[PDB]
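So the structure is just underneath, and the comments pick up after that.
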Amino acid sequence: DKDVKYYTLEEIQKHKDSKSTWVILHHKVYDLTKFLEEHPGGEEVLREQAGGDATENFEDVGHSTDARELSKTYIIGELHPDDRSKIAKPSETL
Ligand code: HEM
């Protein structure tokens, strides 16, 4: 479509509520906020893994190929490469 944007966890972390839930997967962030009541998984399920790494939590159920393409539609932006290796969780400075 056009030059994508480099989204960061520090930011996404903000939108970690129903109002706006994000989820990183395959070095790529996607928006499913509107796909909350559309996901055959539930809502609290997405939230539980909002603004965080849900790769394993996603691949766990081996998302159907159609899902791998669905995301494309519900795309938002790309997650910084020097961010994914941050695994925002185990503190930053401490
Ligand atoms: C845009 C994002 C997402 C899309 C498009 C998506 C799509 C799907 C689809 C299509 C299914 C399988 C249907 C089939 O194979 O026929 C599924 C299942 C599942 N998804 Fe997602 N998913 C998304 C995000 C997530 C997230 C963030 C989580 C976890 C937090 C999650 C957890 C699950 C689980 C656990 C299942 C199995 C359903 C069950 O609960 O029985 N999904 N997803």
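Chain labels run A, B, ... following the order of the structure tokens; each chain numbers its residues from 1, and ligands are numbered from 1 in the order shown.
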* To do: May I ask you to write as a ChimeraX atom specification all residues lying at most 10 Å from ligand 1, with only C-alpha atoms and all ligand atoms counted?
  => /A:21-25,29-36,38-76
* Output as a ChimeraX atom specification all residues of chain A that backbone DSSP marks as alpha helix (DSSP H). => /A:9-12,44-48,55-59,65-73,81-84
* **One-decimal distance in Å that lies between CA of residue 9 (chain A) and CA of residue 88 (chain A)** => 7.1 Å
* To do: Pull the strand (DSSP E) assignments for chain A out of DSSP run on the backbone, and list those residues as JSON, numbers by chain.
  => {"A": [6, 7, 16, 17, 20, 21, 22, 23, 24, 29, 30, 31, 75, 76, 77, 78, 79]}
Those same residues, written as a PDB file, in the first residue's frame with N, CA, C and O atoms?
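Contents of the output file part.pdb:
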```pdb
ATOM      1  N   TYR A   6       7.047   1.832  11.700  1.00  0.00           N
ATOM      2  CA  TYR A   6       7.729   0.964  12.645  1.00  0.00           C
ATOM      3  C   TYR A   6       7.173   1.150  14.059  1.00  0.00           C
ATOM      4  O   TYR A   6       7.609   2.038  14.789  1.00  0.00           O
ATOM      5  N   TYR A   7       6.218   0.297  14.401  1.00  0.00           N
ATOM      6  CA  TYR A   7       5.598   0.356  15.715  1.00  0.00           C
ATOM      7  C   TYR A   7       6.514  -0.250  16.781  1.00  0.00           C
ATOM      8  O   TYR A   7       7.250  -1.196  16.507  1.00  0.00           O
ATOM      9  N   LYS A  16      -3.263  -1.584  25.328  1.00  0.00           N
ATOM     10  CA  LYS A  16      -3.294  -2.964  25.783  1.00  0.00           C
ATOM     11  C   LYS A  16      -4.636  -3.243  26.464  1.00  0.00           C
ATOM     12  O   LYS A  16      -4.719  -4.080  27.360  1.00  0.00           O
ATOM     13  N   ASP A  17      -5.653  -2.525  26.011  1.00  0.00           N
ATOM     14  CA  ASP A  17      -6.987  -2.684  26.565  1.00  0.00           C
ATOM     15  C   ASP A  17      -7.973  -2.973  25.432  1.00  0.00           C
ATOM     16  O   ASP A  17      -7.673  -2.726  24.265  1.00  0.00           O
ATOM     17  N   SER A  20      -8.451  -0.834  22.581  1.00  0.00           N
ATOM     18  CA  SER A  20      -7.444  -1.003  21.546  1.00  0.00           C
ATOM     19  C   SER A  20      -6.430  -2.066  21.972  1.00  0.00           C
ATOM     20  O   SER A  20      -5.532  -1.790  22.766  1.00  0.00           O
ATOM     21  N   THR A  21      -6.607  -3.261  21.425  1.00  0.00           N
ATOM     22  CA  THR A  21      -5.718  -4.366  21.738  1.00  0.00           C
ATOM     23  C   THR A  21      -4.845  -4.708  20.530  1.00  0.00           C
ATOM     24  O   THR A  21      -5.351  -4.864  19.419  1.00  0.00           O
ATOM     25  N   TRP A  22      -3.550  -4.815  20.786  1.00  0.00           N
ATOM     26  CA  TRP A  22      -2.601  -5.136  19.732  1.00  0.00           C
ATOM     27  C   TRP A  22      -1.909  -6.449  20.103  1.00  0.00           C
ATOM     28  O   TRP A  22      -2.005  -6.906  21.241  1.00  0.00           O
ATOM     29  N   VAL A  23      -1.226  -7.018  19.122  1.00  0.00           N
ATOM     30  CA  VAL A  23      -0.517  -8.269  19.331  1.00  0.00           C
ATOM     31  C   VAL A  23       0.537  -8.443  18.235  1.00  0.00           C
ATOM     32  O   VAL A  23       0.224  -8.352  17.049  1.00  0.00           O
ATOM     33  N   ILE A  24       1.764  -8.689  18.671  1.00  0.00           N
ATOM     34  CA  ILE A  24       2.864  -8.877  17.742  1.00  0.00           C
ATOM     35  C   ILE A  24       2.917 -10.342  17.308  1.00  0.00           C
ATOM     36  O   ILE A  24       2.610 -11.238  18.094  1.00  0.00           O
ATOM     37  N   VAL A  29       3.014  -6.367  13.702  1.00  0.00           N
ATOM     38  CA  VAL A  29       1.902  -6.095  14.597  1.00  0.00           C
ATOM     39  C   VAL A  29       0.606  -6.024  13.788  1.00  0.00           C
ATOM     40  O   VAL A  29       0.614  -5.601  12.632  1.00  0.00           O
ATOM     41  N   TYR A  30      -0.476  -6.441  14.427  1.00  0.00           N
ATOM     42  CA  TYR A  30      -1.778  -6.430  13.781  1.00  0.00           C
ATOM     43  C   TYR A  30      -2.856  -5.903  14.729  1.00  0.00           C
ATOM     44  O   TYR A  30      -2.717  -5.999  15.948  1.00  0.00           O
ATOM     45  N   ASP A  31      -3.908  -5.358  14.135  1.00  0.00           N
ATOM     46  CA  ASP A  31      -5.009  -4.816  14.912  1.00  0.00           C
ATOM     47  C   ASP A  31      -6.219  -5.744  14.790  1.00  0.00           C
ATOM     48  O   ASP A  31      -6.699  -6.003  13.688  1.00  0.00           O
ATOM     49  N   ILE A  75      -4.082  -5.632   9.202  1.00  0.00           N
ATOM     50  CA  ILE A  75      -2.727  -5.159   9.428  1.00  0.00           C
ATOM     51  C   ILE A  75      -2.772  -3.710   9.919  1.00  0.00           C
ATOM     52  O   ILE A  75      -3.773  -3.019   9.734  1.00  0.00           O
ATOM     53  N   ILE A  76      -1.676  -3.293  10.535  1.00  0.00           N
ATOM     54  CA  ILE A  76      -1.578  -1.940  11.054  1.00  0.00           C
ATOM     55  C   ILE A  76      -0.213  -1.354  10.687  1.00  0.00           C
ATOM     56  O   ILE A  76      -0.133  -0.321  10.025  1.00  0.00           O
ATOM     57  N   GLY A  77       0.828  -2.041  11.133  1.00  0.00           N
ATOM     58  CA  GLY A  77       2.187  -1.603  10.860  1.00  0.00           C
ATOM     59  C   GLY A  77       3.198  -2.690  11.227  1.00  0.00           C
ATOM     60  O   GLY A  77       2.820  -3.761  11.701  1.00  0.00           O
ATOM     61  N   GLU A  78       4.465  -2.378  10.996  1.00  0.00           N
ATOM     62  CA  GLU A  78       5.534  -3.314  11.298  1.00  0.00           C
ATOM     63  C   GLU A  78       6.196  -2.955  12.630  1.00  0.00           C
ATOM     64  O   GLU A  78       6.319  -1.779  12.968  1.00  0.00           O
ATOM     65  N   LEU A  79       6.604  -3.989  13.350  1.00  0.00           N
ATOM     66  CA  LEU A  79       7.249  -3.796  14.638  1.00  0.00           C
ATOM     67  C   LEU A  79       8.758  -3.653  14.429  1.00  0.00           C
ATOM     68  O   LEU A  79       9.376  -4.469  13.748  1.00  0.00           O
TER      69      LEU A  79
END
```
* Between CA of residue 1 (chain A) and CA of residue 85 (chain A) - distance in Å to one decimal ->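 Interatomic distance here is 26.6 Å.
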* To do: Take CA of residue 83 (chain A) and CA of residue 8 (chain A) and report the distance between them in Å, one decimal.
  =>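 Interatomic distance, CA of residue 83 (chain A) to CA of residue 8 (chain A): 6.3 Å.
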